[PDB]
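**Q** Have a look at the structure that comes next, please.
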Amino acid sequence: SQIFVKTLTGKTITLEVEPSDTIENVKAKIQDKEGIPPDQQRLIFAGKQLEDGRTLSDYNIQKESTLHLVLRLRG
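In the authors' numbering, the protein residues as written are 1 to 75.
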């Protein structure tokens, strides 16, 4: 399936994923598209920060869901 990642700058990124992908894996895919290190990515869905070690399946994220990317330089 695909999921979407809305950025602050405006662009929405489309990623090819599977339910077993970790949030880390999603951030790795964003880095391949956008050049943003996973370090600096905070992903949000339904108002909650997504943790790196959990899967898309753990968060019941299905195809065509939209995550929000927040850049966090550190604070």
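Where is the CB? At the ideal position from N, CA and C, for every residue including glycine.
Can you tell me which residues form a DSSP beta bridge with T55?
**A** The count along the sequence shown starts at 1 and reaches residue 55 at position 55. DSSP output for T55 lists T22 as bridge partner(s).
**Q** Going along the chain, which residues of its own chain have a beta-carbon closer than 8 angstroms to the beta-carbon of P37, five neighbours each way excluded?
**A** Here residue 37 refers to the residue found at position 37 when the sequence shown is read from its first residue. Correct list, in chain order: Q31.
**Q** Identify whether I44 lies in helix, strand or coil by the three-state DSSP scheme.
**A** Taking the sequence shown and counting its residues from 1, one reaches residue 44 at position 44. Strand at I44.
**Q** Can you check which of these residues, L71, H68, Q62 and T9, is closest to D21 by C-alpha distance?
**A** Numbered from its first residue, the sequence shown carries residue 21 at position 21. When each option's Cα is compared against that of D21, the closest is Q62.
**Q** Looking at the unbroken beta strand (DSSP E) that takes in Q2, where does it start and where does it end?
**A** Here residue 2 is taken as the residue at index 2 of the sequence shown, counted from 1. Residues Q2 to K6.
**Q** Could you have a look at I13 and say whether DSSP puts it in helix, strand or coil?
**A** Stepping through the sequence shown from its first residue, residue 13 is reached at position 13. Note: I13 maps to strand in three-state DSSP.
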